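Student: Just one file: data21.pdb, with PDB, N, CA and C atoms.
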MODEL        1
ATOM      1  N   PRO E 715      71.154 119.753 111.915
ATOM      2  CA  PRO E 715      71.383 119.997 113.348
ATOM      3  C   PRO E 715      71.158 118.771 114.213
ATOM      4  N   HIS E 716      70.077 118.026 113.976
ATOM      5  CA  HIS E 716      69.779 116.864 114.807
ATOM      6  C   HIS E 716      70.743 115.718 114.514
ATOM      7  N   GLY E 717      70.754 115.239 113.274
ATOM      8  CA  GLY E 717      71.637 114.152 112.898
ATOM      9  C   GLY E 717      70.916 112.834 112.705
ATOM     10  N   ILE E 718      69.694 112.890 112.177
ATOM     11  CA  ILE E 718      68.926 111.675 111.930
ATOM     12  C   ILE E 718      69.564 110.901 110.784
ATOM     13  N   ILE E 719      69.818 109.614 111.013
ATOM     14  CA  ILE E 719      70.485 108.751 110.045
ATOM     15  C   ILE E 719      69.517 107.651 109.632
ATOM     16  N   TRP E 720      69.386 107.439 108.324
ATOM     17  CA  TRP E 720      68.534 106.400 107.771
ATOM     18  C   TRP E 720      69.372 105.417 106.967
ATOM     19  N   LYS E 721      68.866 104.191 106.846
ATOM     20  CA  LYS E 721      69.537 103.127 106.103
ATOM     21  C   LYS E 721      68.523 102.485 105.164
ATOM     22  N   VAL E 722      68.728 102.662 103.862
ATOM     23  CA  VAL E 722      67.835 102.134 102.837
ATOM     24  C   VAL E 722      68.594 101.106 102.010
ATOM     25  N   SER E 723      67.924  99.999 101.688
ATOM     26  CA  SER E 723      68.510  98.931 100.881
ATOM     27  C   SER E 723      67.477  98.470  99.861
ATOM     28  N   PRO E 724      67.570  98.937  98.617
ATOM     29  CA  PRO E 724      66.589  98.532  97.604
ATOM     30  C   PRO E 724      66.730  97.061  97.242
ATOM     31  N   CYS E 725      65.589  96.417  97.006
ATOM     32  CA  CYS E 725      65.568  95.015  96.616
ATOM     33  C   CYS E 725      64.243  94.720  95.926
ATOM     34  N   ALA E 726      64.292  93.853  94.911
ATOM     35  CA  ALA E 726      63.099  93.499  94.151
ATOM     36  C   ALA E 726      63.048  92.007  93.844
ATOM     37  N   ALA E 727      63.577  91.175  94.742
ATOM     38  CA  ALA E 727      63.595  89.732  94.552
ATOM     39  C   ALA E 727      62.652  89.015  95.512
ATOM     40  N   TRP E 728      62.810  89.235  96.818
ATOM     41  CA  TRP E 728      61.974  88.617  97.848
ATOM     42  C   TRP E 728      61.983  87.091  97.725
ATOM     43  N   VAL E 729      63.173  86.521  97.885
ATOM     44  CA  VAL E 729      63.356  85.073  97.815
ATOM     45  C   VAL E 729      63.262  84.489  99.219
ATOM     46  N   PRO E 730      62.740  83.275  99.379
ATOM     47  CA  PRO E 730      62.648  82.686 100.718
ATOM     48  C   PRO E 730      64.020  82.419 101.314
ATOM     49  N   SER E 731      64.091  82.508 102.641
ATOM     50  CA  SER E 731      65.330  82.271 103.366
ATOM     51  C   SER E 731      64.994  81.677 104.725
ATOM     52  N   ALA E 732      66.032  81.224 105.425
ATOM     53  CA  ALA E 732      65.866  80.599 106.729
ATOM     54  C   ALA E 732      67.156  80.764 107.522
ATOM     55  N   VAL E 733      67.134  80.282 108.763
ATOM     56  CA  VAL E 733      68.294  80.321 109.644
ATOM     57  C   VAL E 733      68.815  78.904 109.824
ATOM     58  N   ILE E 734      70.122  78.795 110.063
ATOM     59  CA  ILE E 734      70.782  77.506 110.240
ATOM     60  C   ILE E 734      71.724  77.609 111.430
ATOM     61  N   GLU E 735      71.526  76.746 112.425
ATOM     62  CA  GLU E 735      72.409  76.643 113.584
ATOM     63  C   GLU E 735      73.240  75.372 113.409
ATOM     64  N   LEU E 736      74.387  75.513 112.754
ATOM     65  CA  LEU E 736      75.248  74.382 112.446
ATOM     66  C   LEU E 736      76.185  74.094 113.612
ATOM     67  N   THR E 737      76.416  72.808 113.867
ATOM     68  CA  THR E 737      77.333  72.361 114.908
ATOM     69  C   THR E 737      78.328  71.390 114.295
ATOM     70  N   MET E 738      79.610  71.745 114.346
ATOM     71  CA  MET E 738      80.645  70.897 113.781
ATOM     72  C   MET E 738      80.910  69.695 114.685
ATOM     73  N   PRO E 739      81.340  68.570 114.110
ATOM     74  CA  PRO E 739      81.667  67.401 114.943
ATOM     75  C   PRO E 739      82.819  67.643 115.902
ATOM     76  N   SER E 740      83.677  68.630 115.630
ATOM     77  CA  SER E 740      84.786  68.915 116.534
ATOM     78  C   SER E 740      84.295  69.558 117.825
ATOM     79  N   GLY E 741      83.277  70.412 117.738
ATOM     80  CA  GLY E 741      82.732  71.056 118.916
ATOM     81  C   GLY E 741      82.326  72.498 118.690
ATOM     82  N   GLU E 742      82.744  73.074 117.564
ATOM     83  CA  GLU E 742      82.406  74.458 117.265
ATOM     84  C   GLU E 742      80.949  74.563 116.831
ATOM     85  N   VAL E 743      80.228  75.518 117.415
ATOM     86  CA  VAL E 743      78.818  75.745 117.117
ATOM     87  C   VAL E 743      78.644  77.210 116.748
ATOM     88  N   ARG E 744      78.197  77.465 115.518
ATOM     89  CA  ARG E 744      77.949  78.818 115.041
ATOM     90  C   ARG E 744      76.635  78.837 114.272
ATOM     91  N   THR E 745      76.212  80.039 113.892
ATOM     92  CA  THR E 745      74.971  80.232 113.158
ATOM     93  C   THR E 745      75.216  81.138 111.960
ATOM     94  N   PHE E 746      74.380  80.974 110.936
ATOM     95  CA  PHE E 746      74.466  81.784 109.730
ATOM     96  C   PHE E 746      73.120  81.751 109.023
ATOM     97  N   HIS E 747      72.913  82.728 108.143
ATOM     98  CA  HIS E 747      71.643  82.887 107.440
ATOM     99  C   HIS E 747      71.830  82.622 105.953
ATOM    100  N   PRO E 748      71.502  81.431 105.461
ATOM    101  CA  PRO E 748      71.623  81.161 104.027
ATOM    102  C   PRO E 748      70.486  81.791 103.237
ATOM    103  N   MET E 749      70.771  82.047 101.964
ATOM    104  CA  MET E 749      69.818  82.633 101.032
ATOM    105  C   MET E 749      69.423  81.590  99.987
ATOM    106  N   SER E 750      68.435  81.943  99.165
ATOM    107  CA  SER E 750      67.918  81.041  98.135
ATOM    108  C   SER E 750      68.858  81.078  96.931
ATOM    109  N   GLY E 751      69.896  80.246  97.000
ATOM    110  CA  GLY E 751      70.862  80.119  95.931
ATOM    111  C   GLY E 751      72.141  80.906  96.127
ATOM    112  N   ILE E 752      72.199  81.772  97.133
ATOM    113  CA  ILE E 752      73.382  82.590  97.389
ATOM    114  C   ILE E 752      74.246  81.887  98.429
ATOM    115  N   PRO E 753      75.563  81.815  98.234
ATOM    116  CA  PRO E 753      76.426  81.213  99.258
ATOM    117  C   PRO E 753      76.327  81.963 100.579
ATOM    118  N   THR E 754      76.494  81.220 101.669
ATOM    119  CA  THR E 754      76.296  81.731 103.019
ATOM    120  C   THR E 754      77.609  81.834 103.792
ATOM    121  N   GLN E 755      78.677  82.271 103.119
ATOM    122  CA  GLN E 755      79.992  82.450 103.735
ATOM    123  C   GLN E 755      80.486  81.130 104.337
ATOM    124  N   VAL E 756      80.769  80.195 103.426
ATOM    125  CA  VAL E 756      81.173  78.827 103.747
ATOM    126  C   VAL E 756      82.183  78.805 104.887
ATOM    127  N   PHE E 757      81.893  78.016 105.918
ATOM    128  CA  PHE E 757      82.706  77.936 107.128
ATOM    129  C   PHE E 757      83.477  76.617 107.094
ATOM    130  N   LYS E 758      84.687  76.667 106.534
ATOM    131  CA  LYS E 758      85.607  75.532 106.498
ATOM    132  C   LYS E 758      84.991  74.335 105.769
ATOM    133  N   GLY E 759      84.627  74.567 104.510
ATOM    134  CA  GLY E 759      84.187  73.488 103.645
ATOM    135  C   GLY E 759      82.687  73.358 103.478
ATOM    136  N   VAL E 760      81.935  73.550 104.558
ATOM    137  CA  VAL E 760      80.492  73.349 104.530
ATOM    138  C   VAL E 760      79.842  74.507 103.782
ATOM    139  N   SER E 761      79.168  74.192 102.676
ATOM    140  CA  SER E 761      78.525  75.207 101.851
ATOM    141  C   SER E 761      77.047  74.891 101.662
ATOM    142  N   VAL E 762      76.357  74.558 102.753
ATOM    143  CA  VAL E 762      74.942  74.217 102.673
ATOM    144  C   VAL E 762      74.140  75.455 102.290
ATOM    145  N   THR E 763      73.310  75.321 101.261
ATOM    146  CA  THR E 763      72.464  76.403 100.781
ATOM    147  C   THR E 763      70.999  75.996 100.882
ATOM    148  N   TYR E 764      70.123  76.988 100.762
ATOM    149  CA  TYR E 764      68.686  76.789 100.859
ATOM    150  C   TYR E 764      68.045  76.935  99.485
ATOM    151  N   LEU E 765      67.063  76.084  99.205
ATOM    152  CA  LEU E 765      66.328  76.104  97.950
ATOM    153  C   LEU E 765      64.861  76.414  98.218
ATOM    154  N   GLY E 766      64.203  76.980  97.210
ATOM    155  CA  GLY E 766      62.806  77.348  97.334
ATOM    156  C   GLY E 766      61.902  76.596  96.381
TER     157      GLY E 766
ATOM    158  N   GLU I 154     125.283  78.954  94.202
ATOM    159  CA  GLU I 154     125.649  77.737  94.917
ATOM    160  C   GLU I 154     126.880  77.927  95.796
ATOM    161  N   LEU I 155     127.887  78.646  95.305
ATOM    162  CA  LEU I 155     129.124  78.860  96.042
ATOM    163  C   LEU I 155     129.438  80.348  96.093
ATOM    164  N   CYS I 156     130.365  80.702  96.980
ATOM    165  CA  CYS I 156     130.792  82.086  97.175
ATOM    166  C   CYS I 156     132.112  82.286  96.438
ATOM    167  N   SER I 157     132.037  82.855  95.238
ATOM    168  CA  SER I 157     133.234  83.123  94.457
ATOM    169  C   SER I 157     133.870  84.441  94.883
ATOM    170  N   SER I 158     135.158  84.576  94.580
ATOM    171  CA  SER I 158     135.893  85.780  94.939
ATOM    172  C   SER I 158     135.418  86.971  94.113
ATOM    173  N   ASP I 159     135.419  88.143  94.745
ATOM    174  CA  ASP I 159     134.990  89.376  94.099
ATOM    175  C   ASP I 159     135.933  90.499  94.499
ATOM    176  N   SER I 160     136.418  91.248  93.505
ATOM    177  CA  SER I 160     137.323  92.357  93.791
ATOM    178  C   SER I 160     136.587  93.545  94.396
ATOM    179  N   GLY I 161     135.302  93.711  94.072
ATOM    180  CA  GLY I 161     134.538  94.828  94.600
ATOM    181  C   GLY I 161     134.217  94.717  96.074
ATOM    182  N   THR I 162     134.333  93.522  96.650
ATOM    183  CA  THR I 162     134.054  93.301  98.060
ATOM    184  C   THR I 162     135.295  93.429  98.935
ATOM    185  N   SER I 163     136.413  93.895  98.377
ATOM    186  CA  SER I 163     137.633  94.042  99.161
ATOM    187  C   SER I 163     137.636  95.323  99.985
ATOM    188  N   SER I 164     136.905  96.349  99.544
ATOM    189  CA  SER I 164     136.865  97.610 100.277
ATOM    190  C   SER I 164     136.120  97.489 101.600
ATOM    191  N   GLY I 165     135.260  96.481 101.749
ATOM    192  CA  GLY I 165     134.509  96.283 102.968
ATOM    193  C   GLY I 165     133.217  97.065 103.064
ATOM    194  N   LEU I 166     132.942  97.957 102.115
ATOM    195  CA  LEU I 166     131.724  98.762 102.105
ATOM    196  C   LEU I 166     130.926  98.406 100.857
ATOM    197  N   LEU I 167     129.813  97.693 101.047
ATOM    198  CA  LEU I 167     128.975  97.276  99.935
ATOM    199  C   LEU I 167     127.688  98.093  99.897
ATOM    200  N   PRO I 168     127.257  98.530  98.716
ATOM    201  CA  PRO I 168     126.018  99.311  98.621
ATOM    202  C   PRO I 168     124.795  98.458  98.928
ATOM    203  N   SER I 169     123.646  99.135  99.004
ATOM    204  CA  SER I 169     122.403  98.482  99.397
ATOM    205  C   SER I 169     121.803  97.620  98.294
ATOM    206  N   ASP I 170     122.220  97.809  97.041
ATOM    207  CA  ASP I 170     121.647  97.030  95.947
ATOM    208  C   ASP I 170     122.091  95.573  95.975
ATOM    209  N   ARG I 171     123.146  95.251  96.721
ATOM    210  CA  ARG I 171     123.646  93.886  96.817
ATOM    211  C   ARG I 171     122.880  93.042  97.830
ATOM    212  N   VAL I 172     121.800  93.568  98.401
ATOM    213  CA  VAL I 172     120.975  92.846  99.363
ATOM    214  C   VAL I 172     119.620  92.591  98.717
ATOM    215  N   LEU I 173     119.255  91.318  98.592
ATOM    216  CA  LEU I 173     118.006  90.911  97.965
ATOM    217  C   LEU I 173     117.120  90.208  98.983
ATOM    218  N   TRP I 174     115.834  90.549  98.969
ATOM    219  CA  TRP I 174     114.837  89.939  99.841
ATOM    220  C   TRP I 174     113.860  89.162  98.966
ATOM    221  N   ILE I 175     113.931  87.833  99.039
ATOM    222  CA  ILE I 175     113.085  86.985  98.207
ATOM    223  C   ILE I 175     111.646  87.081  98.699
ATOM    224  N   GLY I 176     110.765  87.600  97.847
ATOM    225  CA  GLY I 176     109.359  87.703  98.179
ATOM    226  C   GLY I 176     109.010  88.922  99.007
ATOM    227  N   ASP I 177     107.760  89.364  98.914
ATOM    228  CA  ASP I 177     107.262  90.509  99.666
ATOM    229  C   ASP I 177     106.465  89.987 100.857
ATOM    230  N   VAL I 178     107.012  90.156 102.058
ATOM    231  CA  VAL I 178     106.392  89.650 103.277
ATOM    232  C   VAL I 178     106.560  90.681 104.384
ATOM    233  N   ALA I 179     105.486  90.914 105.135
ATOM    234  CA  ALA I 179     105.498  91.816 106.276
ATOM    235  C   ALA I 179     104.991  91.079 107.507
ATOM    236  N   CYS I 180     105.475  91.496 108.671
ATOM    237  CA  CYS I 180     105.131  90.868 109.937
ATOM    238  C   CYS I 180     104.349  91.834 110.820
ATOM    239  N   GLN I 181     103.797  91.290 111.900
ATOM    240  CA  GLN I 181     102.954  92.047 112.814
ATOM    241  C   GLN I 181     102.811  91.253 114.104
ATOM    242  N   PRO I 182     102.470  91.911 115.212
ATOM    243  CA  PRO I 182     102.200  91.168 116.448
ATOM    244  C   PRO I 182     101.009  90.235 116.276
ATOM    245  N   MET I 183     101.120  89.044 116.855
ATOM    246  CA  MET I 183     100.117  88.001 116.719
ATOM    247  C   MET I 183      99.456  87.721 118.066
ATOM    248  N   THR I 184      98.473  86.822 118.043
ATOM    249  CA  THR I 184      97.733  86.426 119.230
ATOM    250  C   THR I 184      97.639  84.904 119.254
ATOM    251  N   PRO I 185      97.950  84.261 120.380
ATOM    252  CA  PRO I 185      97.873  82.795 120.435
ATOM    253  C   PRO I 185      96.451  82.301 120.209
ATOM    254  N   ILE I 186      96.343  81.164 119.528
ATOM    255  CA  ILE I 186      95.052  80.563 119.205
ATOM    256  C   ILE I 186      95.049  79.118 119.691
ATOM    257  N   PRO I 187      93.884  78.533 119.977
ATOM    258  CA  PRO I 187      93.847  77.129 120.406
ATOM    259  C   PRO I 187      94.324  76.194 119.304
ATOM    260  N   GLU I 188      94.584  74.946 119.701
ATOM    261  CA  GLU I 188      95.092  73.959 118.753
ATOM    262  C   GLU I 188      94.001  73.466 117.811
ATOM    263  N   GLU I 189      92.736  73.539 118.231
ATOM    264  CA  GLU I 189      91.643  73.061 117.389
ATOM    265  C   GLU I 189      91.496  73.919 116.138
ATOM    266  N   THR I 190      91.540  75.244 116.300
ATOM    267  CA  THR I 190      91.429  76.135 115.151
ATOM    268  C   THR I 190      92.597  75.945 114.191
ATOM    269  N   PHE I 191      93.814  75.817 114.725
ATOM    270  CA  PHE I 191      94.976  75.601 113.872
ATOM    271  C   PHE I 191      94.883  74.270 113.138
ATOM    272  N   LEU I 192      94.391  73.230 113.817
ATOM    273  CA  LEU I 192      94.238  71.933 113.169
ATOM    274  C   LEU I 192      93.202  71.994 112.052
ATOM    275  N   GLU I 193      92.081  72.677 112.291
ATOM    276  CA  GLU I 193      91.064  72.810 111.254
ATOM    277  C   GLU I 193      91.588  73.610 110.066
ATOM    278  N   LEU I 194      92.356  74.671 110.335
ATOM    279  CA  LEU I 194      92.935  75.454 109.247
ATOM    280  C   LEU I 194      93.937  74.629 108.449
ATOM    281  N   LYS I 195      94.761  73.832 109.133
ATOM    282  CA  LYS I 195      95.709  72.970 108.435
ATOM    283  C   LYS I 195      94.987  71.935 107.583
ATOM    284  N   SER I 196      93.897  71.368 108.104
ATOM    285  CA  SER I 196      93.124  70.397 107.334
ATOM    286  C   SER I 196      92.521  71.041 106.092
ATOM    287  N   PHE I 197      91.938  72.233 106.247
ATOM    288  CA  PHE I 197      91.355  72.914 105.096
ATOM    289  C   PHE I 197      92.425  73.287 104.077
ATOM    290  N   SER I 198      93.618  73.657 104.549
ATOM    291  CA  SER I 198      94.699  74.019 103.640
ATOM    292  C   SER I 198      95.193  72.807 102.862
ATOM    293  N   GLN I 199      95.415  71.685 103.552
ATOM    294  CA  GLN I 199      95.856  70.475 102.867
ATOM    295  C   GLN I 199      94.761  69.883 101.990
ATOM    296  N   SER I 200      93.496  70.230 102.238
ATOM    297  CA  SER I 200      92.428  69.809 101.342
ATOM    298  C   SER I 200      92.302  70.724 100.132
ATOM    299  N   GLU I 201      92.687  71.996 100.271
ATOM    300  CA  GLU I 201      92.637  72.918  99.141
ATOM    301  C   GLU I 201      93.679  72.595  98.077
ATOM    302  N   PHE I 202      94.722  71.840  98.423
ATOM    303  CA  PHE I 202      95.802  71.497  97.497
ATOM    304  C   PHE I 202      95.969  69.985  97.479
ATOM    305  N   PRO I 203      95.142  69.273  96.708
ATOM    306  CA  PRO I 203      95.273  67.810  96.641
ATOM    307  C   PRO I 203      96.455  67.337  95.809
ATOM    308  N   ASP I 204      97.078  68.215  95.025
ATOM    309  CA  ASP I 204      98.200  67.820  94.181
ATOM    310  C   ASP I 204      99.538  67.901  94.899
TER     311      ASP I 204
ENDMDL
END
Can I see the file as structure tokens?

Tutor:
Amino acid sequence: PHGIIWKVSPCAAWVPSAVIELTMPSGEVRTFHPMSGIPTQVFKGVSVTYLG
Amino acid sequence: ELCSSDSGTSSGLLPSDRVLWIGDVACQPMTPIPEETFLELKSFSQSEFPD
């Protein structure tokens, strides 16, 4: 009747991560969240990843 | 290469099987984009195919 909605995401890794505010030399400025070894949705060539 | 004569085309009514569309392509309404994005996409495309 109420409609309570929950969102569960199981995980058992707990790898370190960080945020990256990248600015392209052309002028485009965006942000993305890289993971420890996982690609971060490469934005036109740049595939900077984070290591732990 | 050339258009040779055909007796079947004299009636003036040709069936639909005589029309061929090279490749499967569909169109849709588009939205104008700035020149910077198109230039970056062209650069990435020409970098994806160095051969």

Student: Residues of chain I no more than 8 Å from chain E, counting only N, CA and C atoms: send them over as an MDAnalysis selection string.

Tutor: chainID I and resid 193:194 197

Student: Just the selected residues (N, CA and C atoms), exported as a PDB file, in the frame of the given file, please.

Tutor:
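Below is the file that was written, result_7.pdb:
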ATOM      1  N   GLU I 193      92.081  72.677 112.291  1.00  0.00           N
ATOM      2  CA  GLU I 193      91.064  72.810 111.254  1.00  0.00           C
ATOM      3  C   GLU I 193      91.588  73.610 110.066  1.00  0.00           C
ATOM      4  N   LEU I 194      92.356  74.671 110.335  1.00  0.00           N
ATOM      5  CA  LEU I 194      92.935  75.454 109.247  1.00  0.00           C
ATOM      6  C   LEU I 194      93.937  74.629 108.449  1.00  0.00           C
ATOM      7  N   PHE I 197      91.938  72.233 106.247  1.00  0.00           N
ATOM      8  CA  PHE I 197      91.355  72.914 105.096  1.00  0.00           C
ATOM      9  C   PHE I 197      92.425  73.287 104.077  1.00  0.00           C
TER      10      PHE I 197
END

Student: Using the chain letters and residue numbers of this document, give as a short mmCIF file (atom, residue, chain, number, x, y, z; two decimals) with N, CA and C atoms, in the frame of the given file the residues selected by the PyMOL selection byres (((chain E and resi 764 and name CA) around 8) and name CA).

Tutor:
data_model
loop_
_atom_site.label_atom_id
_atom_site.label_comp_id
_atom_site.auth_asym_id
_atom_site.auth_seq_id
_atom_site.Cartn_x
_atom_site.Cartn_y
_atom_site.Cartn_z
N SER E 731 64.09 82.51 102.64
CA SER E 731 65.33 82.27 103.37
C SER E 731 64.99 81.68 104.72
N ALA E 732 66.03 81.22 105.42
CA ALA E 732 65.87 80.60 106.73
C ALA E 732 67.16 80.76 107.52
N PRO E 748 71.50 81.43 105.46
CA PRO E 748 71.62 81.16 104.03
C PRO E 748 70.49 81.79 103.24
N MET E 749 70.77 82.05 101.96
CA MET E 749 69.82 82.63 101.03
C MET E 749 69.42 81.59 99.99
N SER E 750 68.44 81.94 99.16
CA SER E 750 67.92 81.04 98.14
C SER E 750 68.86 81.08 96.93
N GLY E 751 69.90 80.25 97.00
CA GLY E 751 70.86 80.12 95.93
C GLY E 751 72.14 80.91 96.13
N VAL E 762 76.36 74.56 102.75
CA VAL E 762 74.94 74.22 102.67
C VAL E 762 74.14 75.46 102.29
N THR E 763 73.31 75.32 101.26
CA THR E 763 72.46 76.40 100.78
C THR E 763 71.00 76.00 100.88
N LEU E 765 67.06 76.08 99.20
CA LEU E 765 66.33 76.10 97.95
C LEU E 765 64.86 76.41 98.22
N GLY E 766 64.20 76.98 97.21
CA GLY E 766 62.81 77.35 97.33
C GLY E 766 61.90 76.60 96.38
#

Student: By how many Å are atom N of residue 746 of chain E and atom N of residue 760 of chain E apart?

Tutor: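 Taking atom N of residue 746 of chain E as the start and atom N of residue 760 of chain E as the end point, the length is 12.4 Å.
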
Student: Among the residues of chain I, find those DSSP assigns to helix (DSSP H, G or I) from the backbone and print them as an MDAnalysis selection string.

Tutor: chainID I and resid 160:162 169:171 188:201

Student: Calculated over only C-alpha atoms, which of the candidates E:724, E:729, E:738, E:717 has the smallest distance to residue 752 of chain E?

Tutor: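 Ranking E:724, E:729, E:738, E:717 by distance to residue 752 of chain E, first place goes to E:729.
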
Student: One decimal, Å: what's the distance from atom C of residue 156 of chain I over to atom C of residue 168 of chain I, could you say?

Tutor: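 About the pair atom C of residue 156 of chain I and atom C of residue 168 of chain I: they are 17.9 Å apart.
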
Student: Rounded to one decimal place, report the atom C of residue 757 of chain E-atom CA of residue 179 of chain I distance in Å.

Tutor: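 The value is 26.8 Å.
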
Student: Report as a PyMOL selection string all protein, DNA and RNA residues lying within 8 Å of residue 736 of chain E, evaluated on only C-alpha atoms, omitting residues in the same chain fewer than 3 positions from it.

Tutor: chain E and resi 743-746
